[PDB]
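Taking the form deposited in one PDB entry, here's one chain by itself in structure tokens.
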């Protein structure tokens, strides 16, 4: 990275200070005598952005000059977090900027903390897109992310009287120094209208128009010359009763990009959401085609622009089914506008698109009513019906007698209200389909889409998820990054598999102590934060037991809560008995319409109030509901964690990525054999994780036999006490019936079988406590996790997409 001492190094810092002062003066228009911390943040942000402009421009020129095949990552979500520190690190500028800011008499941490998260995602899906952008830039791929510039991202969460409340995430209030508005590149998007079938062919007419205006954010590679782009579209009314009302009604078009739908793993079939999906797809495809036509591969024949080489120059990855409309939109452009024959257009379409499936939970599946699609996108409905007809004609030819197979494989679900199965659309319109962990990809291929995989074996793949070690180690845990570098060099950042070199320090007491010291420093720093936000006295010798992720029945924060109450009851039963102290932290947002998740939050805060204030418990056990969990807060809590809770019901968590973050940062994992937890066990050795509970076949057996929650309740005395306390008002004395809905769910409607894993979970937790009392054995197991975490770099993931799906090479 850029030097700070010596002749040149002194000048580097000098220039940065000069640029900072120039921005404060000319850009912010403030004298130092009236400037605030926020002004200083913005002055530094502009200074840092200026430092990547040369590479950003040169990267665009390079892609134009050499025509590498381009990768377009199309997603409704990019969960980017804060940009300042990540950019400084990737540009090799952090040391120099740190020094400049220090010499100016300012506190760099304070400036960095001013920045709002770009919270343009819900959880793992959106964050995967963000990690992927970093990795694709670091590997030199010609890759752009395309999404929506929501005016409001994921809501800011507060807790009031123990319940979640939502506030608007007004992240653009003070502006965004990391985007460049580019209205000259605006493109039209059409809605409603009708289809006309005339002598000149099929026309989509009488439509309403909304403009898509792009905003570009730079995506710097780690220590290279690549600066890629994230292009996010914002909706505007076209410029073309009551004049005043007509002007105000421009708000209706602009509402398309107003707010991120705050649902994680849950389908809500709202018209505004469908508009968002078509909006991002239509603007993105027009932009991609425009760039292709301007490129050196752009050429024209009698029949118009030649698209033969389009899939040799363009790969589009569909992040879940949310941008599934890209398939019929590309066909619409090829057939209605460019006049290609259907067969040729369909062939080009399949070669262009690949689809990533991110969940098998039924409630998450996009099934759009046909009548809604007919109203909003009539031509796309026609095109989808035609795709389905030609799809089913092939199936009839292959399997003349199998009538049910046609029903199973149709893109249309015909019962009651007819709906479009967007996953089926994505499968037939793409050349590759992948899941996000071995266990999940297998379920996708061999169970959920069995009929499709049988006819096209080689279509279905696995690409196990990953995380970027820039944000999720170098940035969030500089202490650990430094320790690792001291022992094995700094080449691990670009090749994370080099972490296996840490195995040379097995049995090295000095290293095991240094590792523990890093964790302790992180815990002390985070404990400062906790004690300023919450009325709690944190026991500094306690095990930090952490479950942070979106609040879900399938992720089973509720199971964790049952264990918290169990520990509480053991303490009250035997005050003098040995207890390994814990700070139990549970955090995450509930989708605002998700009743059971909101009840689970209230249960946790209610339990916390009892546990934290019981003088017989004291420093043995404290419980924190960590508010407003999001990317920047994840960067704080993850490095401070000793035990990572990854306890989804086997078969429900497609991959997980929080699990990987915790593993890389020195926490041990308690979890089920679900998602990538299975592969973490493969890499580190199963005995080096705290694995428990039903596996996917055990869940299947219990489903076959039939799940009777009451049997576990009657059989397990400790469970009985916990449940009776919750049901009878022990945790809600002013409102004894408060948790009725949770009890009813647990006993009669628990699709995720909390009680069935309780016994194994509590036994497993007891083993965790035992190991924690032996620091040498604890930290030895930690070392074995960190040293085996290399597979989970998103650089590895991206190389696999590049080689086996996109057909592009790292550069």
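C-alpha atoms forming the largest set that superposes within 1.5 Å between two forms make up the rigid core. Numbering follows the first chain given and starts at 1.
One more form of this protein should be noted, the form deposited in another entry, which is absent from this view; the next part is about it.
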Shifts of 2 Å or more in the Cα, rigid core superposed between this form and the one not shown, apply to only one of 690, 215, 267, 152; name it.
267
Quick one: core overlaid, is residue 517 moving 2 Å or more at the Cα between this form and the one not shown?
no
Under a superposition restricted to the rigid core, does residue 297 display a Cα displacement of 2 angstroms or more between this form and the one not shown?
yes
Aligning on the rigid core, do we see the C-alpha of residue 173 shift 2 angstroms or more between this form and the one not shown?
no
I want to verify one pair: residue 262 and residue 257. Are their C-alpha atoms nearer or more distant in the other entry compared with the form I supplied, knowing the change is 3 Å or more?
closer
Work out the direction of the Cα-Cα change for residue 269 and residue 257 in the other entry: closer or farther than in this form? It's 3 angstroms or more.
closer
